[PDB]
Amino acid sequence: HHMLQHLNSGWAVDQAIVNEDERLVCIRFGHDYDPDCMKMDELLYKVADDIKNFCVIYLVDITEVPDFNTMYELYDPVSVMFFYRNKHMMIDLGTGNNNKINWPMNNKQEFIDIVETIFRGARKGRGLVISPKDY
């Protein structure tokens, strides 16, 4: 329990998470200039319209907005995290870090499937889902 829209303050992040009752909130916490972050953002732009009925994506440059860097141990240049009704959703991706997707993905359908799985689990009141695919 806590163009794509950038969030420019810890207040704005809090607000985006706490105010959304219907959809999964996807936050990309990153060092925006890093190539891995840029790679992940291309993917987010490609899938955003496909998932807009069940998921809203926000971008946060953690060099500018560092407020959650200890809270979520944000050491990586890209960490995609998911929230439903103010609850941080876990995703067992087979990597042994269930808190975040912290590598650039480049398969559009694979990511969409992960977002859908998280949403569907969240809607059942689950705090953790097993990714449709082992990573």
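Numbers follow the displayed sequence, beginning with 1.
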Open item on the list: If I compare the deposited sequence with the modelled residues, how many are absent between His2 and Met3: none, 1 to 3, 4 to 9, or 10 or more?
Closed with: 10 or more
- [ ] Mind pulling up the entry and telling me whether 92-100 or 37-45 has the higher mean Cα temperature factor?
- [x] 92-100
- [ ] Return whichever of 9-17 and 122-130 has the greater mean Cα B factor according to the PDB record.
- [x] 122-130
Open item on the list: Among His31, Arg28, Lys108, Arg85, where is the Cα B factor highest in this entry?
Closed with: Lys108
Open item on the list: If I read the C-alpha B-factors straight from the PDB entry, which of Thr70, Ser79, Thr63, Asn53 is highest?
Closed with: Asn53
